[PDB]
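One structure below.
Just so it is clear, none of the values below were taken in a lab; they were calculated from the coordinates.
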Amino acid sequence: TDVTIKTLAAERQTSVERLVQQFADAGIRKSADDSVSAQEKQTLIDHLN
């Protein structure tokens, strides 16, 4: 579940990478190569609404 952002970010490409950024704001690890959360892509929805 927990992986390092960027490698993971690339993985989804249009999900986890994005997820990490917003989430950092949310309450998860941030993007730009470092720490990320997979399947956290929900960031788009949660953060938005």
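Details
- Cα convex hull volume per residue for the chain (Å³): 54
- Helix 16-26 and the longest principal axis of the C-alpha atoms of the chain enclose an angle of approximately 50°.
- Sum of -39500 (n - 2.57) over DSSP H runs of 4+, divided by residues of the chain (222 nm, nearest 500): -12500 deg cm²/dmol
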